[PDB]
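Undergrad: Residue numbers for the sequence shown, in full-length UniProt numbering: 6 to 35, 82 to 408.
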Amino acid sequence: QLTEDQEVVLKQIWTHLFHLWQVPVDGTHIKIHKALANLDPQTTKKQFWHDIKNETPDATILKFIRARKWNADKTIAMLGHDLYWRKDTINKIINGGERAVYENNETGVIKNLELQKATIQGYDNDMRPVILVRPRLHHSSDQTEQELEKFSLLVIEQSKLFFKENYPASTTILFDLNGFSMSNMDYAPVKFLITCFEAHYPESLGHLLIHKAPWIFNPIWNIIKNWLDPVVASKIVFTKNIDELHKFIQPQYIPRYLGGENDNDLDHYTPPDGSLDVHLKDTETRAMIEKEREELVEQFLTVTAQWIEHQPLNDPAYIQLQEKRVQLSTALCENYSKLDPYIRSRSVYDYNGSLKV
Numbered sequence: 006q007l008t009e010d011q012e013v014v015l016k017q018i019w020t021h022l023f024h025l026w027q028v029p030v031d032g033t034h035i082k083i084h085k086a087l088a089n090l091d092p093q094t095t096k097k098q099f100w101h102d103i104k105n106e107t108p109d110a111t112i113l114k115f116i117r118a119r120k121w122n123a124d125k126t127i128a129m130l131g132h133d134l135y136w137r138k139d140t141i142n143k144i145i146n147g148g149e150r151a152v153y154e155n156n157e158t159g160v161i162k163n164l165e166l167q168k169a170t171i172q173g174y175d176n177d178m179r180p181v182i183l184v185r186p187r188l189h190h191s192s193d194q195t196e197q198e199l200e201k202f203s204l205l206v207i208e209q210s211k212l213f214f215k216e217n218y219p220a221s222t223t224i225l226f227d228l229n230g231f232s233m234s235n236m237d238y239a240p241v242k243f244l245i246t247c248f249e250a251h252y253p254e255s256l257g258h259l260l261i262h263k264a265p266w267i268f269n270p271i272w273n274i275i276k277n278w279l280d281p282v283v284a285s286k287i288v289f290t291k292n293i294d295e296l297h298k299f300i301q302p303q304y305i306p307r308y309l310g311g312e313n314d315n316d317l318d319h320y321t322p323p324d325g326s327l328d329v330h331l332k333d334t335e336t337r338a339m340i341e342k343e344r345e346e347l348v349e350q351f352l353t354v355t356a357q358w359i360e361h362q363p364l365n366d367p368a369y370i371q372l373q374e375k376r377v378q379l380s381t382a383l384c385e386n387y388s389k390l391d392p393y394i395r396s397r398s399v400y401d402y403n404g405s406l407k408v
């Protein structure tokens, strides 16, 4: 549940967005904000409801709220900044999948995929997806910085598709520094990933495991820890052996070469063959599913405005309004479930049985 104060914060954020989108609502019983004064209303509305996939709208907005310590103005500033930067890039990346990268011959992205530099390798003890990162296979020589960033964005969005209902909507990251050397070091993408993840994936980091760091890493760490927010800086734990990793991940997901039981082939990549993408061209069904979504979206807005004006928090009408918001939230996530085969090219995880949307 949520408290009085917290709910009022949530109501305020939805109110600001409603003012941007021209949704009737009265926010006094709980004009366009500075943070949203320079955004296009319908661009932002369509992009926001697209990026809503397997989390409920309330959970999506609460990530920003908690990221800004429950300060409404801070929260709406961060959310407007994200809406400005995101608009349609990421959605195109994740929906195109590896297939689009191959078809467009994006050499550096392809190289990163084929090295399996960063792969989703299972779930942690709290049911978060685990991205395994192996920096000993990194060379700044292998890709543009834009390429490395697009690759980063694709793996992070892939991870989001693994989020499980009733479990943290966040990703654990295992940096295996075995055999890492300064040949592999690249400060630019370090700092990119830090600031972009901080500004655009709030509350999306679960555990950050730095495993078998060599001595040459101590000075690197002295730099990176001063770029890190304190939130992330103690999401961070240094692990030395399989017994430490067991505190965070079960052996069935830990790669065999680390002492675990996961025998996934990390030295040879199998790219999506496209076998599972047959729904991508039945555009008629897809349009019907998107019409369903748009109807649910309008209903959710209407009910949400109702709930923001309703008094008191006692009311049986309040009971009903809350329950309706929950029901429409669930229906939106099921609708995304149904939409996914019609807009998203299958990833390697859809083929190897590990991802179910």
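The beta carbon of each residue, even a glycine, is placed where N, CA and C say it ideally should be.
Pick out whichever of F231, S221 and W266 has its Cα sitting closest to the Cα of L259.
TA: Answer by Cα proximity: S221.
Undergrad: Measure from the alpha carbon of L225 to the alpha carbon of each residue in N315, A356, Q362 and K168, then state which is nearest.
TA: For the residues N315, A356, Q362 and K168, the minimum Cα distance to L225 belongs to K168.
Undergrad: Can the beta-carbon of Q303 be found closer than 8 Å to that of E295?
TA: Cβ atoms of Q303 and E295: not closer than 8 Å.
Undergrad: Quick check: the segment 84–98 against the segment 143–158, are at least 3 beta-carbon pairs closer than 8 Å?
TA: Verdict: no, contact absent.
Undergrad: Excluding the 5 residues flanking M233 on each side, which residues of the same chain have their C-beta closer than 7 Å to its C-beta?
TA: Result list for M233: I267, in chain order.
Undergrad: At 4 residues or longer, what runs of the alpha helix (DSSP H) sit wholly inside the segment 172–238?
TA: Taking only runs of at least 4 residues, the alpha helix (DSSP H) segments lying wholly in the segment 172–238 are 196–212.
Undergrad: Contact between the segment 147–166 and the segment 269–287 is defined here as three or more beta-carbon pairs at a separation below 8 Å; is this criterion met?
TA: Touching, no.
Undergrad: Determine the direct distance from the alpha carbon of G310 to that of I293, and round the result to whole angstroms.
TA: Cα to Cα, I293 sits roughly 6 Å from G310.
Undergrad: Can you tell me where the beta strand (DSSP E) with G257 in it begins and where it stops?
TA: Taken as a continuous stretch (DSSP letters only), the beta strand (DSSP E) holding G257 covers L256 to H262.
Undergrad: I want to know whether the segment 208–215 touches the segment 163–181 - three or more CB-CB distances under 8 Å.
TA: Enough Cβ pairs lie closer than 8 Å, so yes.
Undergrad: Does DSSP put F289 in a helix, a strand or coil?
TA: Looking at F289 - three-state DSSP - the assignment turns out to be strand.
Undergrad: Since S396 and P323 should fall inside the 8 Å C-beta cutoff, what is the C-beta to C-beta distance between them, to a whole number of angstroms?
TA: Confirmed, Cβ separation roughly 7 Å.
Undergrad: Which of the three DSSP states, helix, strand or coil, is assigned to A356?
TA: DSSP places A356 in helix when its eight states are reduced to three.
Undergrad: Looking only at DSSP bridge pairs, what is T170 linked to?
TA: DSSP lists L183 as partners of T170.
Undergrad: What did DSSP end up calling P306 once you bin it into helix, strand or coil?
TA: DSSP places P306 in strand when its eight states are reduced to three.
Undergrad: With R376 as the anchor, note down where its alpha helix (DSSP H) starts and where it stops.
TA: From DSSP, the alpha helix (DSSP H) with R376 extends over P367 to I394.
Undergrad: Give me the Cβ distance between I35 and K16, rounded to the nearest whole Å; I'm assuming they're in contact under 8 Å.
TA: 5 Å between Cβ atoms; contact.
Undergrad: Would you check if the distance between the CB atom of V30 and the CB atom of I359 is smaller than 8 Å?
TA: It is a contact, given that the beta carbons lie within the stated cut-off.
Undergrad: Measuring straight from C-alpha to C-alpha, what distance separates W278 and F231?
TA: Cα to Cα, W278 sits roughly 21 Å from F231.
Undergrad: Mapping DSSP to helix, strand and coil, what is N155?
TA: If DSSP states are grouped into helix, strand and coil, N155 belongs with coil.
Undergrad: Would you identify the three-state DSSP class for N403, choosing helix, strand or coil?
TA: Correct three-state label for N403: coil.
Undergrad: Are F213 and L390 closer than 8 Å when you measure CB to CB?
TA: Not a contact, by the Cβ cut-off of 8 Å.
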